[PDB]
Structure formats: structure tokens, C-alpha cells
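Chemist: Got a file for you: target28.pdb, PDB, C-alpha atoms.
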```pdb
ATOM      1  CA  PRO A   1     108.987  93.384  99.304  1.00  0.00           C
ATOM      2  CA  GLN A   2     106.849  96.470  99.585  1.00  0.00           C
ATOM      3  CA  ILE A   3     105.183  97.157  96.251  1.00  0.00           C
ATOM      4  CA  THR A   4     103.605 100.498  95.433  1.00  0.00           C
ATOM      5  CA  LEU A   5     100.805 100.689  92.911  1.00  0.00           C
ATOM      6  CA  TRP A   6     101.769 103.539  90.559  1.00  0.00           C
ATOM      7  CA  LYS A   7     102.283 100.894  87.854  1.00  0.00           C
ATOM      8  CA  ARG A   8     100.656  97.487  87.408  1.00  0.00           C
ATOM      9  CA  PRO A   9     102.154  95.079  89.996  1.00  0.00           C
ATOM     10  CA  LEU A  10     103.761  92.744  87.469  1.00  0.00           C
ATOM     11  CA  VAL A  11     106.261  90.272  88.839  1.00  0.00           C
ATOM     12  CA  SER A  12     108.465  87.498  87.544  1.00  0.00           C
ATOM     13  CA  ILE A  13     107.410  84.105  88.859  1.00  0.00           C
ATOM     14  CA  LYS A  14     108.970  80.657  88.801  1.00  0.00           C
ATOM     15  CA  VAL A  15     106.471  77.892  88.017  1.00  0.00           C
ATOM     16  CA  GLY A  16     106.828  74.492  86.408  1.00  0.00           C
ATOM     17  CA  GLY A  17     110.523  74.934  85.725  1.00  0.00           C
ATOM     18  CA  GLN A  18     109.711  78.063  83.703  1.00  0.00           C
ATOM     19  CA  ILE A  19     109.645  81.792  84.274  1.00  0.00           C
ATOM     20  CA  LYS A  20     106.464  83.735  83.642  1.00  0.00           C
ATOM     21  CA  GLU A  21     105.311  87.303  84.155  1.00  0.00           C
ATOM     22  CA  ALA A  22     102.140  87.720  86.210  1.00  0.00           C
ATOM     23  CA  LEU A  23      99.977  90.364  87.909  1.00  0.00           C
ATOM     24  CA  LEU A  24      99.491  90.447  91.674  1.00  0.00           C
ATOM     25  CA  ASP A  25      95.689  90.790  91.757  1.00  0.00           C
ATOM     26  CA  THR A  26      93.767  91.215  95.007  1.00  0.00           C
ATOM     27  CA  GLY A  27      90.608  91.354  92.928  1.00  0.00           C
ATOM     28  CA  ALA A  28      91.029  87.742  91.758  1.00  0.00           C
ATOM     29  CA  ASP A  29      90.041  84.726  93.835  1.00  0.00           C
ATOM     30  CA  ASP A  30      92.207  82.321  91.780  1.00  0.00           C
ATOM     31  CA  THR A  31      95.552  82.082  90.019  1.00  0.00           C
ATOM     32  CA  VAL A  32      95.421  81.678  86.250  1.00  0.00           C
ATOM     33  CA  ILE A  33      98.445  81.122  84.005  1.00  0.00           C
ATOM     34  CA  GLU A  34      98.531  80.541  80.274  1.00  0.00           C
ATOM     35  CA  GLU A  35     100.604  77.975  78.442  1.00  0.00           C
ATOM     36  CA  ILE A  36     102.417  75.955  81.202  1.00  0.00           C
ATOM     37  CA  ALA A  37     102.890  72.195  81.579  1.00  0.00           C
ATOM     38  CA  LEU A  38     102.245  71.180  85.196  1.00  0.00           C
ATOM     39  CA  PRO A  39     102.414  67.812  86.965  1.00  0.00           C
ATOM     40  CA  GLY A  40      99.577  65.891  88.565  1.00  0.00           C
ATOM     41  CA  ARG A  41      95.946  65.171  87.881  1.00  0.00           C
ATOM     42  CA  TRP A  42      93.903  68.078  86.627  1.00  0.00           C
ATOM     43  CA  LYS A  43      90.190  68.559  86.353  1.00  0.00           C
ATOM     44  CA  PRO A  44      88.263  71.031  84.231  1.00  0.00           C
ATOM     45  CA  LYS A  45      86.989  74.173  85.960  1.00  0.00           C
ATOM     46  CA  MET A  46      84.663  76.860  84.558  1.00  0.00           C
ATOM     47  CA  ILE A  47      85.725  80.340  85.593  1.00  0.00           C
ATOM     48  CA  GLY A  48      84.421  83.804  85.025  1.00  0.00           C
ATOM     49  CA  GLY A  49      80.647  83.952  84.768  1.00  0.00           C
ATOM     50  CA  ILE A  50      80.198  87.614  83.949  1.00  0.00           C
ATOM     51  CA  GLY A  51      79.213  87.433  80.290  1.00  0.00           C
ATOM     52  CA  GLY A  52      80.089  83.713  79.973  1.00  0.00           C
ATOM     53  CA  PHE A  53      82.536  81.121  81.291  1.00  0.00           C
ATOM     54  CA  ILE A  54      85.971  79.927  80.200  1.00  0.00           C
ATOM     55  CA  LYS A  55      87.085  76.329  80.722  1.00  0.00           C
ATOM     56  CA  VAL A  56      90.521  75.873  82.339  1.00  0.00           C
ATOM     57  CA  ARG A  57      92.512  72.984  83.790  1.00  0.00           C
ATOM     58  CA  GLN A  58      92.789  72.984  87.606  1.00  0.00           C
ATOM     59  CA  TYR A  59      96.049  71.684  89.072  1.00  0.00           C
ATOM     60  CA  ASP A  60      96.348  71.489  92.880  1.00  0.00           C
ATOM     61  CA  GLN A  61      99.351  71.805  95.157  1.00  0.00           C
ATOM     62  CA  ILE A  62     101.656  73.567  92.653  1.00  0.00           C
ATOM     63  CA  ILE A  63     104.710  75.419  93.879  1.00  0.00           C
ATOM     64  CA  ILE A  64     105.413  78.941  92.659  1.00  0.00           C
ATOM     65  CA  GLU A  65     108.095  81.400  93.701  1.00  0.00           C
ATOM     66  CA  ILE A  66     107.851  85.212  93.663  1.00  0.00           C
ATOM     67  CA  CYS A  67     110.578  87.555  94.906  1.00  0.00           C
ATOM     68  CA  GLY A  68     112.380  84.625  96.562  1.00  0.00           C
ATOM     69  CA  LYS A  69     109.268  83.405  98.421  1.00  0.00           C
ATOM     70  CA  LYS A  70     107.617  80.066  97.697  1.00  0.00           C
ATOM     71  CA  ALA A  71     103.926  79.437  97.829  1.00  0.00           C
ATOM     72  CA  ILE A  72     101.908  76.274  97.229  1.00  0.00           C
ATOM     73  CA  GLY A  73      98.404  76.185  95.905  1.00  0.00           C
ATOM     74  CA  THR A  74      96.057  75.730  92.978  1.00  0.00           C
ATOM     75  CA  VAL A  75      97.018  76.946  89.572  1.00  0.00           C
ATOM     76  CA  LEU A  76      94.421  77.163  86.790  1.00  0.00           C
ATOM     77  CA  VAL A  77      95.910  76.769  83.339  1.00  0.00           C
ATOM     78  CA  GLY A  78      94.085  78.226  80.373  1.00  0.00           C
ATOM     79  CA  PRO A  79      93.788  81.259  78.146  1.00  0.00           C
ATOM     80  CA  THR A  80      94.109  84.569  79.992  1.00  0.00           C
ATOM     81  CA  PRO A  81      95.155  88.008  78.578  1.00  0.00           C
ATOM     82  CA  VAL A  82      97.475  88.523  81.568  1.00  0.00           C
ATOM     83  CA  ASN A  83      98.701  85.853  83.982  1.00  0.00           C
ATOM     84  CA  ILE A  84      97.051  86.428  87.370  1.00  0.00           C
ATOM     85  CA  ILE A  85      98.301  85.740  90.909  1.00  0.00           C
ATOM     86  CA  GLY A  86      95.064  85.667  92.889  1.00  0.00           C
ATOM     87  CA  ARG A  87      94.235  85.593  96.549  1.00  0.00           C
ATOM     88  CA  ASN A  88      94.698  81.826  96.886  1.00  0.00           C
ATOM     89  CA  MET A  89      98.425  82.355  96.228  1.00  0.00           C
ATOM     90  CA  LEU A  90      98.725  85.820  97.803  1.00  0.00           C
ATOM     91  CA  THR A  91      97.535  84.386 101.107  1.00  0.00           C
ATOM     92  CA  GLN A  92     100.134  81.590 100.906  1.00  0.00           C
ATOM     93  CA  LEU A  93     102.815  84.276 100.327  1.00  0.00           C
ATOM     94  CA  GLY A  94     101.656  86.139 103.426  1.00  0.00           C
ATOM     95  CA  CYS A  95     100.761  89.162 101.259  1.00  0.00           C
ATOM     96  CA  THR A  96      98.665  91.953 102.749  1.00  0.00           C
ATOM     97  CA  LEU A  97      97.325  95.332 101.655  1.00  0.00           C
ATOM     98  CA  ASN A  98      98.562  98.143 103.886  1.00  0.00           C
ATOM     99  CA  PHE A  99      97.545 101.780 104.108  1.00  0.00           C
TER
ATOM    100  CA  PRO B   1      94.904  99.019 108.254  1.00  0.00           C
ATOM    101  CA  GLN B   2      96.603  95.774 107.382  1.00  0.00           C
ATOM    102  CA  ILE B   3      94.254  93.641 105.310  1.00  0.00           C
ATOM    103  CA  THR B   4      94.830  89.938 104.778  1.00  0.00           C
ATOM    104  CA  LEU B   5      93.466  88.246 101.694  1.00  0.00           C
ATOM    105  CA  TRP B   6      91.703  85.107 102.970  1.00  0.00           C
ATOM    106  CA  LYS B   7      88.415  86.753 101.940  1.00  0.00           C
ATOM    107  CA  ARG B   8      87.693  89.313  99.225  1.00  0.00           C
ATOM    108  CA  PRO B   9      88.991  92.730 100.401  1.00  0.00           C
ATOM    109  CA  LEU B  10      85.592  94.418 100.516  1.00  0.00           C
ATOM    110  CA  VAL B  11      85.440  97.737 102.306  1.00  0.00           C
ATOM    111  CA  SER B  12      82.869 100.378 103.107  1.00  0.00           C
ATOM    112  CA  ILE B  13      83.578 103.647 101.327  1.00  0.00           C
ATOM    113  CA  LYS B  14      82.181 107.154 101.604  1.00  0.00           C
ATOM    114  CA  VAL B  15      81.586 108.803  98.223  1.00  0.00           C
ATOM    115  CA  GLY B  16      79.167 111.460  97.055  1.00  0.00           C
ATOM    116  CA  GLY B  17      77.466 111.737 100.423  1.00  0.00           C
ATOM    117  CA  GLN B  18      76.643 108.019 100.244  1.00  0.00           C
ATOM    118  CA  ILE B  19      78.100 104.790 101.545  1.00  0.00           C
ATOM    119  CA  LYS B  20      79.017 102.032  99.129  1.00  0.00           C
ATOM    120  CA  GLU B  21      80.730  98.665  99.370  1.00  0.00           C
ATOM    121  CA  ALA B  22      83.728  98.186  97.082  1.00  0.00           C
ATOM    122  CA  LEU B  23      86.624  95.806  96.370  1.00  0.00           C
ATOM    123  CA  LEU B  24      90.245  96.853  96.826  1.00  0.00           C
ATOM    124  CA  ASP B  25      91.623  95.637  93.479  1.00  0.00           C
ATOM    125  CA  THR B  26      95.317  95.850  92.615  1.00  0.00           C
ATOM    126  CA  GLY B  27      94.460  94.264  89.287  1.00  0.00           C
ATOM    127  CA  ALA B  28      92.370  97.274  88.210  1.00  0.00           C
ATOM    128  CA  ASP B  29      93.849 100.467  86.793  1.00  0.00           C
ATOM    129  CA  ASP B  30      90.685 102.512  87.504  1.00  0.00           C
ATOM    130  CA  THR B  31      87.943 102.969  90.078  1.00  0.00           C
ATOM    131  CA  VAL B  32      84.437 102.061  88.950  1.00  0.00           C
ATOM    132  CA  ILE B  33      81.278 102.569  91.013  1.00  0.00           C
ATOM    133  CA  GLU B  34      77.694 101.889  90.034  1.00  0.00           C
ATOM    134  CA  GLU B  35      74.725 104.132  90.660  1.00  0.00           C
ATOM    135  CA  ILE B  36      76.175 107.328  92.293  1.00  0.00           C
ATOM    136  CA  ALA B  37      75.447 110.996  91.573  1.00  0.00           C
ATOM    137  CA  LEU B  38      78.715 112.957  91.487  1.00  0.00           C
ATOM    138  CA  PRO B  39      79.454 116.652  90.941  1.00  0.00           C
ATOM    139  CA  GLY B  40      81.357 118.237  88.083  1.00  0.00           C
ATOM    140  CA  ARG B  41      81.717 117.778  84.364  1.00  0.00           C
ATOM    141  CA  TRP B  42      81.936 114.213  83.163  1.00  0.00           C
ATOM    142  CA  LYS B  43      82.993 112.774  79.861  1.00  0.00           C
ATOM    143  CA  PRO B  44      82.275 109.349  78.420  1.00  0.00           C
ATOM    144  CA  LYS B  45      85.035 106.743  78.692  1.00  0.00           C
ATOM    145  CA  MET B  46      85.155 103.260  77.124  1.00  0.00           C
ATOM    146  CA  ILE B  47      86.614 100.689  79.484  1.00  0.00           C
ATOM    147  CA  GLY B  48      87.361  97.024  79.302  1.00  0.00           C
ATOM    148  CA  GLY B  49      88.371  95.880  75.837  1.00  0.00           C
ATOM    149  CA  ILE B  50      88.663  92.161  76.444  1.00  0.00           C
ATOM    150  CA  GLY B  51      85.586  90.878  74.634  1.00  0.00           C
ATOM    151  CA  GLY B  52      84.104  94.379  74.135  1.00  0.00           C
ATOM    152  CA  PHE B  53      83.891  97.777  75.826  1.00  0.00           C
ATOM    153  CA  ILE B  54      81.500  99.347  78.321  1.00  0.00           C
ATOM    154  CA  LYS B  55      80.738 103.072  78.275  1.00  0.00           C
ATOM    155  CA  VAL B  56      81.006 104.863  81.644  1.00  0.00           C
ATOM    156  CA  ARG B  57      80.988 108.464  82.850  1.00  0.00           C
ATOM    157  CA  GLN B  58      84.392 109.790  83.989  1.00  0.00           C
ATOM    158  CA  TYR B  59      84.370 112.257  86.883  1.00  0.00           C
ATOM    159  CA  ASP B  60      87.711 113.765  87.976  1.00  0.00           C
ATOM    160  CA  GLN B  61      88.910 114.964  91.357  1.00  0.00           C
ATOM    161  CA  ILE B  62      86.312 113.096  93.466  1.00  0.00           C
ATOM    162  CA  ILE B  63      86.909 112.560  97.156  1.00  0.00           C
ATOM    163  CA  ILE B  64      86.431 109.119  98.679  1.00  0.00           C
ATOM    164  CA  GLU B  65      87.127 107.878 102.185  1.00  0.00           C
ATOM    165  CA  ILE B  66      88.104 104.330 103.211  1.00  0.00           C
ATOM    166  CA  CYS B  67      88.943 103.273 106.768  1.00  0.00           C
ATOM    167  CA  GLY B  68      89.162 106.931 107.834  1.00  0.00           C
ATOM    168  CA  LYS B  69      91.562 107.895 105.015  1.00  0.00           C
ATOM    169  CA  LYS B  70      90.610 110.295 102.235  1.00  0.00           C
ATOM    170  CA  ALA B  71      91.759 110.008  98.681  1.00  0.00           C
ATOM    171  CA  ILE B  72      91.081 112.199  95.651  1.00  0.00           C
ATOM    172  CA  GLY B  73      90.971 110.985  92.108  1.00  0.00           C
ATOM    173  CA  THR B  74      88.933 109.860  89.132  1.00  0.00           C
ATOM    174  CA  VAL B  75      85.807 107.863  89.621  1.00  0.00           C
ATOM    175  CA  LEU B  76      84.146 106.111  86.672  1.00  0.00           C
ATOM    176  CA  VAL B  77      80.414 105.696  87.104  1.00  0.00           C
ATOM    177  CA  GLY B  78      78.642 102.943  85.226  1.00  0.00           C
ATOM    178  CA  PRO B  79      77.442  99.371  85.437  1.00  0.00           C
ATOM    179  CA  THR B  80      79.840  97.040  87.252  1.00  0.00           C
ATOM    180  CA  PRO B  81      79.053  93.695  89.015  1.00  0.00           C
ATOM    181  CA  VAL B  82      81.172  94.780  92.001  1.00  0.00           C
ATOM    182  CA  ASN B  83      82.334  98.311  92.803  1.00  0.00           C
ATOM    183  CA  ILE B  84      86.104  98.500  92.269  1.00  0.00           C
ATOM    184  CA  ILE B  85      88.774 100.601  94.006  1.00  0.00           C
ATOM    185  CA  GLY B  86      91.604 100.528  91.480  1.00  0.00           C
ATOM    186  CA  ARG B  87      95.201 101.599  91.547  1.00  0.00           C
ATOM    187  CA  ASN B  88      94.438 105.258  90.805  1.00  0.00           C
ATOM    188  CA  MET B  89      92.772 105.472  94.238  1.00  0.00           C
ATOM    189  CA  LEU B  90      94.966 102.906  96.021  1.00  0.00           C
ATOM    190  CA  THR B  91      98.018 105.012  95.226  1.00  0.00           C
ATOM    191  CA  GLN B  92      96.317 108.131  96.634  1.00  0.00           C
ATOM    192  CA  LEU B  93      95.586 106.148  99.840  1.00  0.00           C
ATOM    193  CA  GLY B  94      99.250 105.188 100.113  1.00  0.00           C
ATOM    194  CA  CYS B  95      98.294 101.498  99.788  1.00  0.00           C
ATOM    195  CA  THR B  96     101.013  98.931  99.136  1.00  0.00           C
ATOM    196  CA  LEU B  97     101.269  95.161  98.771  1.00  0.00           C
ATOM    197  CA  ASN B  98     103.604  93.638 101.348  1.00  0.00           C
ATOM    198  CA  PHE B  99     105.023  90.146 101.669  1.00  0.00           C
TER
END
```
Mind turning this structure into C-alpha cells?

Modeler:
Amino acid sequence: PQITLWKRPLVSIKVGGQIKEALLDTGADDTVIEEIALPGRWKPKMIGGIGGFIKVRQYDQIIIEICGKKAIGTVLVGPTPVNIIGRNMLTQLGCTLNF
Amino acid sequence: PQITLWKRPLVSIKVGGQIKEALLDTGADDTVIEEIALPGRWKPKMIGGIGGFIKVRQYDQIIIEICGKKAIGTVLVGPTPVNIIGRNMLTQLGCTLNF
């Protein structure tokens, strides 16, 4: 798709056999989703840094789908006010900024 | 331009007769720049909210230029770890996400 930016770029995503809402965020390095059971071995990761860090669980090589397009990459699972699709997944989707 | 997302989408911008580096951030509603003198009447604005708020100065109808393209909109001036080009300016630039 071509997504304009007059509203927050919230999308429905498929992940872990569930459906979640998430924000397409070019300002975020990583993808962070709250409250999802994922397969494989995880390891703790500290993210943030500005003001403090939050501990999350890092799962690698997870498949997500957005607007019919699949992407494989790392998903961090932990508390987040909004679920975030960061650049690690946007690159796998072939997503660009255009103006 | 067409900007891929393998690195942070940092750009050079012209604002206030200066040059600044800033991040094109689809996850941000607003544009926030540190340390720039801007014309007009400002008013304080509280931004953030997740964990606390930061006070900034809101200046309206400011002209910026990115990659040769001008855009007019609100610029918030205050402390920020990275200067942010948010959706209010990305929309004025005609910037979309494409995949």
C-alpha cells in the first residue's frame, strides 16, 4: 500500500496466530509487541535508555504479516503503550519513505 | 527521494536560517527541534505523557526545507535527544510509507 500520514499509521498485523494493532514507526530501530506468546528461545534485552531502560524478551526469526505481506525478523515482547513496527521489520517488508 | 530504512532516516534540514540534522519519524505526531531561535509568538506546550511531560515552546507556521522541498507547520522547540520530523511536517512534504 501507499500510506499517508494525516493519521497515525496504525495497521492490523498477524503474529503468533493472533491479530494485533501496531504503529508503523520509522523512528524505532526495533519491533516491540505487548502480550504475545511466541515460539523459540528468547533472551532478555534492555531497551530505551533515555530516562531508564525496560527489560523485554527478544525472539528472533518471527514471522509477521501486514497488508498481505510477510516479514521475518526479531520481535521484542514486553510492556509498550503502543505496539511498534520498527525499521528491522519495515526493511523486511520493503517499506520506504517517499516524498 | 525514496528513502530505505536500513539505517535511521536522518536528514539535513534548513530551519530558522540554520542547518540541523533530524529524524524522519512516522511514529511522532509533532516536530521537535532543540536549540533554534524562531520568529513569532510561541506558547508553552506539554508533550510526552508516558512517564511524565516535557515543556516546550510551540511556534506555528514555520518553514522548513528537506531534500529541496519546503514544508510549513508547527515546530516545537525544546530539549530532545534527537531532532524529530513528525507527521505534521511529513504530511506537508507529501511523504508516504510505501510497501

Chemist: When you count all atoms listed in the file, which of these residues is closest to chain B: A:11, A:75, A:62, A:23?

Modeler: A:23

Chemist: Looking at only C-alpha atoms, which of B:13, B:64, B:76, B:28 is the one that sits closest to residue 44 (chain B)?

Modeler: B:76

Chemist: Taking the file as shown, find all residues satisfying the PyMOL selection byres ((chain B and resi 33) around 12) and write them as JSON, numbers by chain.

Modeler: {"B": [13, 14, 15, 16, 18, 19, 20, 21, 22, 23, 30, 31, 32, 34, 35, 36, 37, 38, 56, 57, 58, 59, 62, 64, 74, 75, 76, 77, 78, 79, 80, 81, 82, 83, 84, 85, 86]}

Chemist: Suppose you want the space between CA of residue 73 (chain A) and CA of residue 46 (chain A); what is it in Å?

Modeler: 17.8 Å

Chemist: Which value, in Å to one decimal, gives the distance between CA of residue 67 (chain B) and CA of residue 89 (chain A)?

Modeler: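 CA of residue 89 (chain A) lies at a distance of 25.3 Å from CA of residue 67 (chain B).
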
Chemist: Restrict the calculation to all atoms listed in the file, then for each residue of chain B with any atom at most 9 Å from an atom of chain A give the closest atom pair and their distance in Å to one decimal, rows by chain and rising residue number, as CSV.

Modeler:
```
residue,atom,partner,partner_atom,distance
B:1,CA,A:99,CA,5.6
B:2,CA,A:98,CA,4.7
B:3,CA,A:97,CA,5.1
B:4,CA,A:96,CA,4.8
B:5,CA,A:91,CA,5.6
B:6,CA,A:91,CA,6.2
B:7,CA,A:87,CA,8.0
B:8,CA,A:27,CA,7.2
B:9,CA,A:26,CA,7.4
B:23,CA,A:27,CA,6.9
B:24,CA,A:27,CA,6.8
B:25,CA,A:27,CA,4.4
B:26,CA,A:25,CA,5.1
B:27,CA,A:25,CA,4.4
B:28,CA,A:27,CA,7.8
B:29,CA,A:8,CA,7.5
B:50,CA,A:81,CA,8.0
B:69,CA,A:99,CA,8.6
B:81,CA,A:50,CA,8.0
B:84,CA,A:27,CA,8.5
B:87,CA,A:5,CA,5.8
B:88,CA,A:6,CA,7.5
B:90,CA,A:5,CA,7.0
B:91,CA,A:5,CA,5.6
B:93,CA,A:99,CA,6.4
B:94,CA,A:99,CA,5.5
B:95,CA,A:99,CA,4.4
B:96,CA,A:4,CA,4.8
B:97,CA,A:97,CA,4.9
B:98,CA,A:2,CA,4.7
B:99,CA,A:95,CA,4.4
```

Chemist: CA of residue 54 (chain B) and CA of residue 17 (chain B), how far apart in Å?

Modeler: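 Computing it gives 25.7 Å between the two atoms.
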
Chemist: Please write out, as AutoDock Vina command-line options, where the centre of an axis-aligned box around all listed atoms of region 60-71 of chain A lies and how long its edges are, in Å to one decimal, after adding 5 Å on each side.

Modeler:
```
--center_x 104.4 --center_y 79.5 --center_z 95.5 --size_x 26.0 --size_y 26.1 --size_z 15.8
```

Chemist: Would you mind completing region 62-75 of chain A so that it carries N, CA and C atoms, and writing it out as an mmCIF file, in the coordinates of the input?

Modeler:
```
data_model
loop_
_atom_site.group_PDB
_atom_site.id
_atom_site.type_symbol
_atom_site.label_atom_id
_atom_site.label_comp_id
_atom_site.auth_asym_id
_atom_site.auth_seq_id
_atom_site.Cartn_x
_atom_site.Cartn_y
_atom_site.Cartn_z
ATOM 1 N N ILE A 62 100.553 73.096 93.514
ATOM 2 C CA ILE A 62 101.656 73.567 92.653
ATOM 3 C C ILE A 62 102.459 74.591 93.418
ATOM 4 N N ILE A 63 103.790 74.489 93.261
ATOM 5 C CA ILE A 63 104.710 75.419 93.879
ATOM 6 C C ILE A 63 105.068 76.558 92.947
ATOM 7 N N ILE A 64 104.929 77.778 93.379
ATOM 8 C CA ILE A 64 105.413 78.941 92.659
ATOM 9 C C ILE A 64 106.395 79.697 93.559
ATOM 10 N N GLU A 65 107.184 80.565 92.934
ATOM 11 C CA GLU A 65 108.095 81.400 93.701
ATOM 12 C C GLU A 65 108.041 82.813 93.121
ATOM 13 N N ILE A 66 107.931 83.796 94.024
ATOM 14 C CA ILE A 66 107.851 85.212 93.663
ATOM 15 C C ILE A 66 108.754 85.973 94.639
ATOM 16 N N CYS A 67 109.679 86.772 94.070
ATOM 17 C CA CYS A 67 110.578 87.555 94.906
ATOM 18 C C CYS A 67 111.228 86.685 95.972
ATOM 19 N N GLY A 68 111.644 85.470 95.614
ATOM 20 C CA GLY A 68 112.380 84.625 96.562
ATOM 21 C C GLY A 68 111.515 83.852 97.533
ATOM 22 N N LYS A 69 110.198 84.020 97.470
ATOM 23 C CA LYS A 69 109.268 83.405 98.421
ATOM 24 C C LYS A 69 108.452 82.351 97.722
ATOM 25 N N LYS A 70 108.369 81.163 98.281
ATOM 26 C CA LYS A 70 107.617 80.066 97.697
ATOM 27 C C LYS A 70 106.215 80.042 98.267
ATOM 28 N N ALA A 71 105.307 79.572 97.468
ATOM 29 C CA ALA A 71 103.926 79.437 97.829
ATOM 30 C C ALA A 71 103.377 78.215 97.116
ATOM 31 N N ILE A 72 102.492 77.489 97.795
ATOM 32 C CA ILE A 72 101.908 76.274 97.229
ATOM 33 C C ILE A 72 100.415 76.386 97.178
ATOM 34 N N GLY A 73 99.822 76.070 96.036
ATOM 35 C CA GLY A 73 98.404 76.185 95.905
ATOM 36 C C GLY A 73 97.935 75.794 94.518
ATOM 37 N N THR A 74 96.669 76.067 94.261
ATOM 38 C CA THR A 74 96.057 75.730 92.978
ATOM 39 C C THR A 74 96.451 76.693 91.913
ATOM 40 N N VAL A 75 96.782 76.144 90.750
ATOM 41 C CA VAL A 75 97.018 76.946 89.572
ATOM 42 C C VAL A 75 96.042 76.494 88.478
#
```
